[PDB]
file protein-v3.txt (compact mmCIF, C-alpha atoms and all ligand atoms)
# COMPACT_ATOMS: atom_id res chain seq x y z
CA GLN E 1 -7.75 11.15 -1.41
CA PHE E 2 -7.39 13.71 1.43
CA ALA E 3 -10.01 14.21 4.11
CA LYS E 4 -8.62 17.63 5.24
CA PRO E 5 -5.97 20.04 3.84
CA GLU E 6 -3.64 18.78 6.58
CA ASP E 7 -3.72 15.34 4.94
CA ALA E 8 -2.66 16.79 1.59
CA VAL E 9 0.13 18.70 3.34
CA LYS E 10 1.36 15.56 5.09
CA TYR E 11 1.30 13.61 1.83
CA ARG E 12 3.19 16.17 -0.23
CA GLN E 13 5.80 16.70 2.49
CA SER E 14 6.33 12.93 2.63
CA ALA E 15 6.61 12.65 -1.13
CA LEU E 16 9.08 15.54 -1.31
CA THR E 17 11.15 14.01 1.53
CA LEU E 18 11.40 10.74 -0.42
CA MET E 19 12.48 12.74 -3.53
CA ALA E 20 15.21 14.54 -1.56
CA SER E 21 16.53 11.20 -0.52
CA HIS E 22 16.42 9.44 -3.91
CA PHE E 23 17.93 12.51 -5.61
CA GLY E 24 20.47 13.44 -2.95
CA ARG E 25 21.78 9.90 -2.43
CA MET E 26 23.34 10.16 -5.92
CA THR E 27 25.45 13.21 -5.09
CA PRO E 28 28.54 11.15 -4.11
CA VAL E 29 28.21 9.15 -7.33
CA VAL E 30 28.04 12.18 -9.60
CA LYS E 31 31.03 13.68 -7.72
CA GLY E 32 33.03 10.42 -8.07
CA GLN E 33 33.28 10.04 -4.29
CA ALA E 34 31.34 6.76 -4.60
CA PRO E 35 31.54 4.26 -7.48
CA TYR E 36 29.25 4.50 -10.50
CA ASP E 37 27.23 1.30 -10.94
CA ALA E 38 25.03 1.90 -14.00
CA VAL E 39 22.47 -0.79 -13.10
CA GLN E 40 22.10 0.60 -9.54
CA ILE E 41 21.67 4.18 -10.73
CA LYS E 42 19.17 3.16 -13.44
CA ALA E 43 17.01 1.49 -10.78
CA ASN E 44 17.31 4.43 -8.37
CA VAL E 45 16.35 6.97 -11.04
CA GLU E 46 13.28 4.88 -11.90
CA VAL E 47 12.19 5.22 -8.23
CA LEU E 48 12.89 8.94 -8.40
CA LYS E 49 10.77 9.16 -11.64
CA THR E 50 7.82 7.59 -9.87
CA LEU E 51 8.19 9.77 -6.78
CA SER E 52 8.68 12.98 -8.79
CA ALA E 53 5.19 12.64 -10.29
CA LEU E 54 3.47 12.42 -6.87
CA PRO E 55 3.61 15.75 -4.97
CA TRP E 56 1.66 17.92 -7.36
CA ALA E 57 -1.77 16.30 -6.98
CA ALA E 58 -1.48 17.05 -3.24
CA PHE E 59 -1.47 20.80 -3.91
CA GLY E 60 -5.15 20.84 -4.88
CA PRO E 61 -7.23 23.92 -4.47
CA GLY E 62 -7.83 24.88 -0.88
CA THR E 63 -4.80 22.89 0.44
CA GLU E 64 -2.92 25.91 1.70
CA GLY E 65 -0.67 24.85 4.54
CA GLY E 66 2.77 23.71 5.41
CA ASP E 67 5.54 25.72 3.80
CA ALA E 68 3.64 26.14 0.53
CA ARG E 69 3.39 29.74 -0.70
CA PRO E 70 -0.03 31.00 -1.74
CA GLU E 71 1.27 31.87 -5.22
CA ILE E 72 0.91 28.15 -6.11
CA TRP E 73 -2.82 28.80 -6.36
CA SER E 74 -3.11 32.35 -7.71
CA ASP E 75 -1.53 31.36 -11.02
CA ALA E 76 -2.20 27.66 -11.63
CA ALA E 77 -0.63 27.71 -15.07
CA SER E 78 2.73 28.99 -13.84
CA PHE E 79 2.95 26.39 -11.05
CA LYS E 80 2.03 23.69 -13.51
CA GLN E 81 4.81 24.83 -15.87
CA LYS E 82 7.23 24.61 -12.94
CA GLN E 83 6.36 21.04 -11.99
CA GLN E 84 6.15 19.89 -15.64
CA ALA E 85 9.51 21.41 -16.43
CA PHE E 86 10.95 19.70 -13.35
CA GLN E 87 9.53 16.34 -14.41
CA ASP E 88 11.08 16.83 -17.87
CA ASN E 89 14.45 17.57 -16.19
CA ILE E 90 13.91 14.16 -14.48
CA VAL E 91 13.28 12.65 -17.94
CA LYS E 92 16.76 13.82 -19.01
CA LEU E 93 18.22 12.18 -15.89
CA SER E 94 16.30 8.96 -16.65
CA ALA E 95 17.60 8.95 -20.22
CA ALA E 96 21.17 9.43 -18.98
CA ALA E 97 20.81 6.68 -16.41
CA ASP E 98 19.19 4.29 -18.90
CA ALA E 99 22.10 4.92 -21.33
CA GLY E 100 24.71 4.29 -18.62
CA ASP E 101 26.26 7.68 -19.51
CA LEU E 102 27.99 9.19 -16.54
CA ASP E 103 28.69 12.51 -18.25
CA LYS E 104 25.07 12.95 -19.19
CA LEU E 105 24.09 11.87 -15.66
CA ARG E 106 26.26 14.64 -14.15
CA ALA E 107 24.83 17.28 -16.41
CA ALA E 108 21.22 16.20 -15.91
CA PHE E 109 21.73 15.95 -12.14
CA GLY E 110 22.84 19.57 -12.04
CA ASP E 111 19.88 20.71 -14.12
CA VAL E 112 17.42 18.77 -11.92
CA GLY E 113 18.89 20.44 -8.84
CA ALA E 114 18.48 23.86 -10.46
CA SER E 115 14.83 23.02 -11.22
CA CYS E 116 14.15 22.07 -7.56
CA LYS E 117 15.53 25.49 -6.64
CA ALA E 118 13.63 27.34 -9.29
CA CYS E 119 10.41 26.09 -7.80
CA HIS E 120 11.43 26.72 -4.18
CA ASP E 121 12.46 30.32 -4.85
CA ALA E 122 8.88 31.03 -6.26
CA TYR E 123 6.72 28.69 -4.20
CA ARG E 124 8.27 27.53 -0.91
CA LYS E 125 8.23 29.69 2.26
CA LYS E 126 11.36 30.31 4.26
CA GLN F 1 21.89 6.97 2.17
CA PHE F 2 21.28 8.16 5.77
CA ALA F 3 23.73 10.33 7.67
CA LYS F 4 22.16 9.58 11.12
CA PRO F 5 19.51 7.09 12.38
CA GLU F 6 17.08 10.02 12.48
CA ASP F 7 17.36 10.29 8.70
CA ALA F 8 16.45 6.63 8.25
CA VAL F 9 13.50 7.11 10.61
CA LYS F 10 12.28 10.14 8.67
CA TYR F 11 12.59 8.27 5.37
CA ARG F 12 10.74 5.16 6.48
CA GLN F 13 7.96 7.17 8.13
CA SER F 14 7.54 9.14 4.89
CA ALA F 15 7.49 5.99 2.78
CA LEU F 16 4.94 4.33 5.06
CA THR F 17 2.77 7.48 5.01
CA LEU F 18 2.74 7.40 1.19
CA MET F 19 1.77 3.66 1.35
CA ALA F 20 -1.12 4.40 3.72
CA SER F 21 -2.39 6.91 1.25
CA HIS F 22 -2.02 4.83 -1.94
CA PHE F 23 -3.54 1.79 -0.19
CA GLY F 24 -6.25 3.56 1.78
CA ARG F 25 -7.48 5.71 -1.11
CA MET F 26 -8.83 2.50 -2.70
CA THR F 27 -11.10 1.64 0.25
CA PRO F 28 -14.16 3.41 -1.24
CA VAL F 29 -13.59 1.60 -4.55
CA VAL F 30 -13.38 -1.86 -3.02
CA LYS F 31 -16.53 -1.06 -0.96
CA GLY F 32 -18.39 0.17 -4.08
CA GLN F 33 -18.84 3.63 -2.57
CA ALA F 34 -16.79 5.06 -5.47
CA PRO F 35 -16.73 3.78 -9.06
CA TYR F 36 -14.28 1.11 -10.20
CA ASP F 37 -12.13 2.37 -13.08
CA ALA F 38 -9.79 -0.51 -13.94
CA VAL F 39 -7.20 1.68 -15.69
CA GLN F 40 -7.08 4.10 -12.72
CA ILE F 41 -6.70 1.32 -10.16
CA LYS F 42 -4.01 -0.45 -12.23
CA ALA F 43 -1.95 2.76 -12.25
CA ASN F 44 -2.49 3.39 -8.53
CA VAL F 45 -1.46 -0.14 -7.58
CA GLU F 46 1.72 0.24 -9.64
CA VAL F 47 2.59 3.30 -7.48
CA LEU F 48 1.77 1.29 -4.37
CA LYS F 49 4.07 -1.56 -5.64
CA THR F 50 6.96 0.85 -5.98
CA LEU F 51 6.34 2.45 -2.58
CA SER F 52 5.85 -0.90 -0.81
CA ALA F 53 9.44 -1.91 -1.64
CA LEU F 54 10.96 1.22 -0.05
CA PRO F 55 10.60 1.23 3.76
CA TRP F 56 12.62 -1.86 4.59
CA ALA F 57 16.07 -0.61 3.57
CA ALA F 58 15.54 2.26 6.03
CA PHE F 59 15.45 -0.18 8.97
CA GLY F 60 19.17 -0.91 8.74
CA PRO F 61 21.12 -2.00 11.74
CA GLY F 62 21.48 0.66 14.37
CA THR F 63 18.44 2.69 13.11
CA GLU F 64 16.39 2.23 16.25
CA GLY F 65 14.03 5.15 16.60
CA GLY F 66 10.58 6.35 15.83
CA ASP F 67 7.84 3.87 16.62
CA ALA F 68 9.91 0.88 15.50
CA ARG F 69 10.11 -1.95 18.03
CA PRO F 70 13.54 -3.37 18.82
CA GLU F 71 12.42 -6.86 17.80
CA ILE F 72 12.95 -5.79 14.14
CA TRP F 73 16.66 -6.21 14.80
CA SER F 74 16.91 -9.12 17.24
CA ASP F 75 15.56 -11.56 14.66
CA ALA F 76 16.39 -10.24 11.19
CA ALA F 77 15.02 -13.31 9.45
CA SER F 78 11.55 -12.98 10.97
CA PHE F 79 11.26 -9.28 10.07
CA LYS F 80 12.41 -10.06 6.56
CA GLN F 81 9.73 -12.77 6.24
CA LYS F 82 7.15 -10.20 7.35
CA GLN F 83 8.09 -7.58 4.76
CA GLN F 84 8.55 -10.17 1.98
CA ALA F 85 5.19 -11.72 2.72
CA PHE F 86 3.63 -8.25 2.66
CA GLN F 87 5.22 -7.47 -0.69
CA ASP F 88 3.85 -10.77 -2.06
CA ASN F 89 0.37 -9.79 -0.79
CA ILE F 90 0.93 -6.60 -2.88
CA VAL F 91 1.81 -8.84 -5.86
CA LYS F 92 -1.64 -10.47 -5.56
CA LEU F 93 -3.22 -7.00 -5.54
CA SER F 94 -1.16 -6.00 -8.60
CA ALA F 95 -2.25 -9.15 -10.44
CA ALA F 96 -5.90 -8.43 -9.62
CA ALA F 97 -5.59 -4.82 -10.73
CA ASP F 98 -3.76 -5.75 -13.93
CA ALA F 99 -6.54 -8.27 -14.74
CA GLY F 100 -9.28 -5.70 -14.11
CA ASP F 101 -10.88 -8.19 -11.69
CA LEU F 102 -12.84 -6.41 -9.02
CA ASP F 103 -13.55 -9.56 -7.01
CA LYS F 104 -9.90 -10.48 -6.88
CA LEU F 105 -9.08 -6.84 -6.04
CA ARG F 106 -11.43 -6.97 -3.01
CA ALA F 107 -9.96 -10.19 -1.74
CA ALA F 108 -6.36 -9.10 -2.22
CA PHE F 109 -7.07 -5.71 -0.62
CA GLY F 110 -8.30 -7.44 2.51
CA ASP F 111 -5.27 -9.71 2.65
CA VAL F 112 -2.88 -6.77 2.18
CA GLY F 113 -4.58 -4.96 5.06
CA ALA F 114 -4.19 -8.04 7.26
CA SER F 115 -0.47 -8.17 6.37
CA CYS F 116 0.03 -4.50 7.38
CA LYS F 117 -1.52 -5.43 10.72
CA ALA F 118 0.46 -8.59 11.14
CA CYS F 119 3.63 -6.56 10.97
CA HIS F 120 2.39 -3.76 13.24
CA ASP F 121 1.28 -6.15 15.98
CA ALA F 122 4.91 -7.61 16.11
CA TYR F 123 7.02 -4.59 15.21
CA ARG F 124 5.32 -1.21 15.73
CA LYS F 125 5.11 0.48 19.17
CA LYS F 126 1.85 1.81 20.50
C1 LIG W 1 7.66 22.98 -7.37
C2 LIG W 1 7.26 22.60 -8.78
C3 LIG W 1 8.68 22.12 -6.68
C4 LIG W 1 9.69 21.35 -7.20
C5 LIG W 1 10.06 21.13 -8.65
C6 LIG W 1 10.39 20.78 -6.08
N1 LIG W 1 9.81 21.17 -4.90
FE1 LIG W 1 10.57 20.87 -3.01
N2 LIG W 1 8.91 21.79 -2.22
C7 LIG W 1 8.00 22.53 -2.93
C8 LIG W 1 7.03 23.13 -2.02
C9 LIG W 1 5.91 24.03 -2.43
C10 LIG W 1 7.35 22.70 -0.77
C11 LIG W 1 6.59 22.93 0.52
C12 LIG W 1 5.52 21.85 0.74
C13 LIG W 1 4.67 22.10 1.97
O1 LIG W 1 3.42 22.13 1.86
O2 LIG W 1 5.27 22.28 3.07
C14 LIG W 1 8.54 21.87 -0.90
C15 LIG W 1 9.18 21.19 0.14
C16 LIG W 1 10.29 20.35 0.03
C17 LIG W 1 10.92 19.64 1.10
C18 LIG W 1 10.44 19.59 2.52
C19 LIG W 1 9.40 18.50 2.74
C20 LIG W 1 9.02 18.37 4.19
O3 LIG W 1 9.46 17.39 4.83
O4 LIG W 1 8.24 19.19 4.70
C21 LIG W 1 11.97 18.97 0.58
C22 LIG W 1 12.94 18.04 1.28
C23 LIG W 1 12.01 19.26 -0.84
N3 LIG W 1 10.96 20.09 -1.16
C24 LIG W 1 12.95 18.78 -1.74
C25 LIG W 1 12.94 18.92 -3.12
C26 LIG W 1 13.94 18.39 -4.04
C27 LIG W 1 15.19 17.70 -3.63
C28 LIG W 1 13.49 18.69 -5.29
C29 LIG W 1 14.08 18.38 -6.63
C30 LIG W 1 14.67 16.98 -6.78
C31 LIG W 1 12.25 19.43 -5.14
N4 LIG W 1 11.97 19.58 -3.82
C32 LIG W 1 11.50 19.96 -6.19
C33 LIG W 1 7.96 22.65 -4.30
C34 LIG W 1 8.78 22.02 -5.23
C1 LIG W 2 6.46 -4.56 8.64
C2 LIG W 2 6.95 -5.59 7.64
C3 LIG W 2 5.43 -3.57 8.18
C4 LIG W 2 4.48 -3.68 7.19
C5 LIG W 2 4.20 -4.84 6.26
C6 LIG W 2 3.74 -2.44 7.21
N1 LIG W 2 4.23 -1.60 8.16
FE1 LIG W 2 3.37 0.17 8.78
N2 LIG W 2 4.95 0.46 10.07
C7 LIG W 2 5.88 -0.49 10.41
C8 LIG W 2 6.77 0.04 11.44
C9 LIG W 2 7.88 -0.73 12.08
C10 LIG W 2 6.40 1.33 11.66
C11 LIG W 2 7.07 2.35 12.54
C12 LIG W 2 8.16 3.12 11.76
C13 LIG W 2 8.94 4.09 12.64
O1 LIG W 2 10.19 4.02 12.67
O2 LIG W 2 8.27 4.94 13.30
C14 LIG W 2 5.25 1.59 10.80
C15 LIG W 2 4.57 2.80 10.68
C16 LIG W 2 3.50 3.08 9.84
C17 LIG W 2 2.83 4.34 9.71
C18 LIG W 2 3.23 5.62 10.39
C19 LIG W 2 4.30 6.38 9.60
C20 LIG W 2 4.59 7.72 10.22
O3 LIG W 2 4.15 8.74 9.67
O4 LIG W 2 5.32 7.78 11.24
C21 LIG W 2 1.83 4.18 8.80
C22 LIG W 2 0.86 5.22 8.29
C23 LIG W 2 1.87 2.80 8.37
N3 LIG W 2 2.91 2.15 8.99
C24 LIG W 2 0.99 2.23 7.45
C25 LIG W 2 1.08 0.95 6.90
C26 LIG W 2 0.16 0.38 5.92
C27 LIG W 2 -1.09 1.04 5.45
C28 LIG W 2 0.67 -0.83 5.60
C29 LIG W 2 0.17 -1.87 4.64
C30 LIG W 2 -0.37 -1.32 3.31
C31 LIG W 2 1.87 -1.03 6.39
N4 LIG W 2 2.07 0.06 7.18
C32 LIG W 2 2.66 -2.17 6.37
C33 LIG W 2 6.00 -1.74 9.84
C34 LIG W 2 5.25 -2.26 8.79
call {"tool": "encode", "arguments": {"input": "protein-v3.txt", "output": "structure tokens"}}
result
Amino acid sequence: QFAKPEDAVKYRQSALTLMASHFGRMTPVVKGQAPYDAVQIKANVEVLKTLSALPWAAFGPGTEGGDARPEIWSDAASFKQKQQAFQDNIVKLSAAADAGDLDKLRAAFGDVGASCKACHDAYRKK
Amino acid sequence: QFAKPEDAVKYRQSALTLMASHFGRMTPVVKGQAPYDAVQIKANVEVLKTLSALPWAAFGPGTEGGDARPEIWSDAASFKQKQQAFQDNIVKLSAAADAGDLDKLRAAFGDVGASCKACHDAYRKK
């Protein structure tokens, strides 16, 4: 759906921005600094699920640009494992949210955050 | 979820960018320049449904900025009608896509596009 690599870059940066917001807005809840409303969190994590599937198709071949490292494309299988593992970390968060289980939500939230970092440390430029 | 108005601006611009892509990528399909795969379009319109609910909460009071016109905030009811009407235009597109009805998809796609414009002409700066 991208006319130029710049369009893929703009899309993925937008998608990732929306993920940072839907993930990060739960930090006060997991820390107990804001109240835990199970219905609210379930709905927010469903948005995050949808968004978390979107960036990867905007790293197609030849879409070097932005802050993406070239290693994304020299080993396609490894990058794919990264994004699939991340999306499965999101599945754990979804399951926690759907169960209304604050303790599982905390644990899954931490693991999701680690997975964001695991990808950045291999694949995102400084 | 926004520390500063600039964060709300960045969020809504990102959300609207993702809408332009999930809407606009169907143009070749509705024109017949690309094949119509009902399953594919159903899934894409579900993404567009999710995204099309997101921008509006990032125009909270005091979040002037970007290319948003001030009229968004001097008549809250009128802006709300705009975004609600748009989301109901998206409902028609969802119903068409879920039915696998290409003729209804074409018609709804045109009406959605008109609704994007109706809002821009009142509420988006040049
Ligand atoms: C690899 C599988 C990634 C995972 C998992 C996550 N992110 Fe990431 N992110 C990745 C890359 C390669 C890039 C650079 C994209 C480019 O072309 O520039 C990024 C970028 C971001 C950004 C900045 C977006 C922007 O506005 O330019 C943010 C805010 C971001 N990423 C956040 C983020 C969070 C919170 C994640 C887990 C919930 C996450 N990313 C996962 C690669 C990958
Ligand atoms: C009002 C109810 C709107 C509807 C419906 C749509 N859009 Fe719009 N859009 C609106 C505003 C007020 C703004 C400016 C936001 C800001 O603070 O700058 C926009 C902006 C866009 C953009 C640019 C985003 C960016 O990267 O800065 C795009 C690409 C865009 N809008 C597309 C778009 C499409 C395709 C729509 C219908 C499917 C649509 N918008 C509806 C207000 C409103």
call {"tool": "calpha_fit_and_write", "arguments": {"input": "protein-v3.txt", "fixed": "chain F", "moving": "chain E", "output": "PDB file with C-alpha atoms, keeping the file's coordinate frame"}}
result
ATOM      1  CA  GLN E   1      21.889   6.970   2.169  1.00  0.00           C
ATOM      2  CA  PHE E   2      21.281   8.165   5.767  1.00  0.00           C
ATOM      3  CA  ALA E   3      23.724  10.335   7.669  1.00  0.00           C
ATOM      4  CA  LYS E   4      22.158   9.584  11.116  1.00  0.00           C
ATOM      5  CA  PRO E   5      19.513   7.090  12.372  1.00  0.00           C
ATOM      6  CA  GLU E   6      17.073  10.015  12.487  1.00  0.00           C
ATOM      7  CA  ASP E   7      17.363  10.289   8.697  1.00  0.00           C
ATOM      8  CA  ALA E   8      16.449   6.626   8.251  1.00  0.00           C
ATOM      9  CA  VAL E   9      13.500   7.112  10.610  1.00  0.00           C
ATOM     10  CA  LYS E  10      12.278  10.140   8.669  1.00  0.00           C
ATOM     11  CA  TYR E  11      12.591   8.270   5.377  1.00  0.00           C
ATOM     12  CA  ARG E  12      10.737   5.154   6.482  1.00  0.00           C
ATOM     13  CA  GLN E  13       7.959   7.169   8.128  1.00  0.00           C
ATOM     14  CA  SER E  14       7.549   9.132   4.889  1.00  0.00           C
ATOM     15  CA  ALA E  15       7.495   5.993   2.784  1.00  0.00           C
ATOM     16  CA  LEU E  16       4.944   4.328   5.065  1.00  0.00           C
ATOM     17  CA  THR E  17       2.766   7.482   5.011  1.00  0.00           C
ATOM     18  CA  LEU E  18       2.739   7.391   1.196  1.00  0.00           C
ATOM     19  CA  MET E  19       1.773   3.665   1.346  1.00  0.00           C
ATOM     20  CA  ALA E  20      -1.125   4.398   3.721  1.00  0.00           C
ATOM     21  CA  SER E  21      -2.390   6.905   1.252  1.00  0.00           C
ATOM     22  CA  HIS E  22      -2.026   4.830  -1.936  1.00  0.00           C
ATOM     23  CA  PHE E  23      -3.538   1.788  -0.189  1.00  0.00           C
ATOM     24  CA  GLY E  24      -6.256   3.556   1.779  1.00  0.00           C
ATOM     25  CA  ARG E  25      -7.474   5.710  -1.118  1.00  0.00           C
ATOM     26  CA  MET E  26      -8.839   2.496  -2.695  1.00  0.00           C
ATOM     27  CA  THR E  27     -11.094   1.643   0.242  1.00  0.00           C
ATOM     28  CA  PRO E  28     -14.165   3.407  -1.245  1.00  0.00           C
ATOM     29  CA  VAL E  29     -13.583   1.605  -4.545  1.00  0.00           C
ATOM     30  CA  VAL E  30     -13.385  -1.857  -3.016  1.00  0.00           C
ATOM     31  CA  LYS E  31     -16.527  -1.062  -0.961  1.00  0.00           C
ATOM     32  CA  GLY E  32     -18.393   0.174  -4.082  1.00  0.00           C
ATOM     33  CA  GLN E  33     -18.847   3.639  -2.571  1.00  0.00           C
ATOM     34  CA  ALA E  34     -16.783   5.052  -5.463  1.00  0.00           C
ATOM     35  CA  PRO E  35     -16.733   3.775  -9.061  1.00  0.00           C
ATOM     36  CA  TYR E  36     -14.283   1.108 -10.204  1.00  0.00           C
ATOM     37  CA  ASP E  37     -12.134   2.371 -13.085  1.00  0.00           C
ATOM     38  CA  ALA E  38      -9.783  -0.511 -13.940  1.00  0.00           C
ATOM     39  CA  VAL E  39      -7.191   1.684 -15.689  1.00  0.00           C
ATOM     40  CA  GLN E  40      -7.073   4.106 -12.711  1.00  0.00           C
ATOM     41  CA  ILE E  41      -6.695   1.320 -10.159  1.00  0.00           C
ATOM     42  CA  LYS E  42      -4.011  -0.449 -12.232  1.00  0.00           C
ATOM     43  CA  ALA E  43      -1.953   2.759 -12.254  1.00  0.00           C
ATOM     44  CA  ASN E  44      -2.489   3.394  -8.532  1.00  0.00           C
ATOM     45  CA  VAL E  45      -1.463  -0.147  -7.580  1.00  0.00           C
ATOM     46  CA  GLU E  46       1.720   0.239  -9.642  1.00  0.00           C
ATOM     47  CA  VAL E  47       2.585   3.298  -7.482  1.00  0.00           C
ATOM     48  CA  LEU E  48       1.771   1.292  -4.372  1.00  0.00           C
ATOM     49  CA  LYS E  49       4.066  -1.562  -5.649  1.00  0.00           C
ATOM     50  CA  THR E  50       6.960   0.850  -5.975  1.00  0.00           C
ATOM     51  CA  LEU E  51       6.340   2.449  -2.585  1.00  0.00           C
ATOM     52  CA  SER E  52       5.859  -0.898  -0.809  1.00  0.00           C
ATOM     53  CA  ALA E  53       9.439  -1.917  -1.641  1.00  0.00           C
ATOM     54  CA  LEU E  54      10.966   1.222  -0.054  1.00  0.00           C
ATOM     55  CA  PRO E  55      10.605   1.226   3.766  1.00  0.00           C
ATOM     56  CA  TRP E  56      12.615  -1.856   4.591  1.00  0.00           C
ATOM     57  CA  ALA E  57      16.070  -0.612   3.567  1.00  0.00           C
ATOM     58  CA  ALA E  58      15.541   2.260   6.038  1.00  0.00           C
ATOM     59  CA  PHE E  59      15.443  -0.173   8.968  1.00  0.00           C
ATOM     60  CA  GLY E  60      19.170  -0.912   8.739  1.00  0.00           C
ATOM     61  CA  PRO E  61      21.118  -2.005  11.737  1.00  0.00           C
ATOM     62  CA  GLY E  62      21.478   0.662  14.369  1.00  0.00           C
ATOM     63  CA  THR E  63      18.446   2.690  13.112  1.00  0.00           C
ATOM     64  CA  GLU E  64      16.396   2.233  16.248  1.00  0.00           C
ATOM     65  CA  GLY E  65      14.023   5.149  16.592  1.00  0.00           C
ATOM     66  CA  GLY E  66      10.579   6.352  15.830  1.00  0.00           C
ATOM     67  CA  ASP E  67       7.840   3.868  16.627  1.00  0.00           C
ATOM     68  CA  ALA E  68       9.910   0.882  15.496  1.00  0.00           C
ATOM     69  CA  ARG E  69      10.109  -1.954  18.036  1.00  0.00           C
ATOM     70  CA  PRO E  70      13.539  -3.365  18.818  1.00  0.00           C
ATOM     71  CA  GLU E  71      12.413  -6.863  17.790  1.00  0.00           C
ATOM     72  CA  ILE E  72      12.948  -5.790  14.140  1.00  0.00           C
ATOM     73  CA  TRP E  73      16.663  -6.202  14.797  1.00  0.00           C
ATOM     74  CA  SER E  74      16.911  -9.117  17.237  1.00  0.00           C
ATOM     75  CA  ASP E  75      15.558 -11.559  14.661  1.00  0.00           C
ATOM     76  CA  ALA E  76      16.385 -10.242  11.183  1.00  0.00           C
ATOM     77  CA  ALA E  77      15.015 -13.310   9.448  1.00  0.00           C
ATOM     78  CA  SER E  78      11.549 -12.984  10.971  1.00  0.00           C
ATOM     79  CA  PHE E  79      11.256  -9.284  10.068  1.00  0.00           C
ATOM     80  CA  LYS E  80      12.406 -10.060   6.566  1.00  0.00           C
ATOM     81  CA  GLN E  81       9.730 -12.767   6.238  1.00  0.00           C
ATOM     82  CA  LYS E  82       7.154 -10.193   7.346  1.00  0.00           C
ATOM     83  CA  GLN E  83       8.087  -7.577   4.759  1.00  0.00           C
ATOM     84  CA  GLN E  84       8.545 -10.176   1.980  1.00  0.00           C
ATOM     85  CA  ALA E  85       5.187 -11.725   2.720  1.00  0.00           C
ATOM     86  CA  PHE E  86       3.631  -8.252   2.663  1.00  0.00           C
ATOM     87  CA  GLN E  87       5.221  -7.469  -0.697  1.00  0.00           C
ATOM     88  CA  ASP E  88       3.857 -10.770  -2.059  1.00  0.00           C
ATOM     89  CA  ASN E  89       0.373  -9.788  -0.784  1.00  0.00           C
ATOM     90  CA  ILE E  90       0.928  -6.602  -2.878  1.00  0.00           C
ATOM     91  CA  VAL E  91       1.806  -8.844  -5.853  1.00  0.00           C
ATOM     92  CA  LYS E  92      -1.644 -10.467  -5.562  1.00  0.00           C
ATOM     93  CA  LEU E  93      -3.225  -6.995  -5.539  1.00  0.00           C
ATOM     94  CA  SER E  94      -1.157  -6.004  -8.601  1.00  0.00           C
ATOM     95  CA  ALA E  95      -2.249  -9.146 -10.437  1.00  0.00           C
ATOM     96  CA  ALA E  96      -5.898  -8.424  -9.617  1.00  0.00           C
ATOM     97  CA  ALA E  97      -5.595  -4.822 -10.725  1.00  0.00           C
ATOM     98  CA  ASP E  98      -3.755  -5.753 -13.932  1.00  0.00           C
ATOM     99  CA  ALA E  99      -6.540  -8.274 -14.744  1.00  0.00           C
ATOM    100  CA  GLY E 100      -9.279  -5.695 -14.112  1.00  0.00           C
ATOM    101  CA  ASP E 101     -10.888  -8.192 -11.691  1.00  0.00           C
ATOM    102  CA  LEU E 102     -12.835  -6.413  -9.020  1.00  0.00           C
ATOM    103  CA  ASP E 103     -13.547  -9.561  -7.014  1.00  0.00           C
ATOM    104  CA  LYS E 104      -9.896 -10.473  -6.884  1.00  0.00           C
ATOM    105  CA  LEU E 105      -9.085  -6.839  -6.034  1.00  0.00           C
ATOM    106  CA  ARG E 106     -11.430  -6.965  -3.009  1.00  0.00           C
ATOM    107  CA  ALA E 107      -9.961 -10.184  -1.742  1.00  0.00           C
ATOM    108  CA  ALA E 108      -6.352  -9.096  -2.227  1.00  0.00           C
ATOM    109  CA  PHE E 109      -7.069  -5.712  -0.623  1.00  0.00           C
ATOM    110  CA  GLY E 110      -8.304  -7.448   2.509  1.00  0.00           C
ATOM    111  CA  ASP E 111      -5.269  -9.719   2.649  1.00  0.00           C
ATOM    112  CA  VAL E 112      -2.876  -6.768   2.184  1.00  0.00           C
ATOM    113  CA  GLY E 113      -4.576  -4.963   5.064  1.00  0.00           C
ATOM    114  CA  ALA E 114      -4.188  -8.044   7.265  1.00  0.00           C
ATOM    115  CA  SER E 115      -0.475  -8.168   6.371  1.00  0.00           C
ATOM    116  CA  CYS E 116       0.025  -4.495   7.382  1.00  0.00           C
ATOM    117  CA  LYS E 117      -1.519  -5.429  10.727  1.00  0.00           C
ATOM    118  CA  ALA E 118       0.467  -8.581  11.143  1.00  0.00           C
ATOM    119  CA  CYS E 119       3.636  -6.561  10.973  1.00  0.00           C
ATOM    120  CA  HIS E 120       2.389  -3.759  13.240  1.00  0.00           C
ATOM    121  CA  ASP E 121       1.279  -6.152  15.981  1.00  0.00           C
ATOM    122  CA  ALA E 122       4.908  -7.608  16.112  1.00  0.00           C
ATOM    123  CA  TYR E 123       7.023  -4.590  15.213  1.00  0.00           C
ATOM    124  CA  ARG E 124       5.327  -1.210  15.731  1.00  0.00           C
ATOM    125  CA  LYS E 125       5.112   0.481  19.167  1.00  0.00           C
ATOM    126  CA  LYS E 126       1.853   1.809  20.508  1.00  0.00           C
TER     127      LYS E 126
END
call {"tool": "closest_residue", "arguments": {"input": "protein-v3.txt", "among": "F:107, F:122, F:29, F:116", "to": "ligand LIG 2 (chain W)", "atoms": "only C-alpha atoms and all ligand atoms"}}
result
F:116
call {"tool": "atom_distance", "arguments": {"input": "protein-v3.txt", "atom1": "atom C11 of ligand LIG 1 (chain W)", "atom2": "atom CA of residue 49 of chain E"}}
result
18.8 Å
call {"tool": "atom_distance", "arguments": {"input": "protein-v3.txt", "atom1": "atom CA of residue 74 of chain E", "atom2": "atom CA of residue 88 of chain E"}}
result
23.4 Å
call {"tool": "atom_distance", "arguments": {"input": "protein-v3.txt", "atom1": "atom CA of residue 50 of chain F", "atom2": "atom CA of residue 51 of chain E"}}
result
9.0 Å
call {"tool": "closest_residue", "arguments": {"input": "protein-v3.txt", "among": "E:93, E:77, E:26, E:99", "to": "chain F", "atoms": "only C-alpha atoms"}}
result
E:26
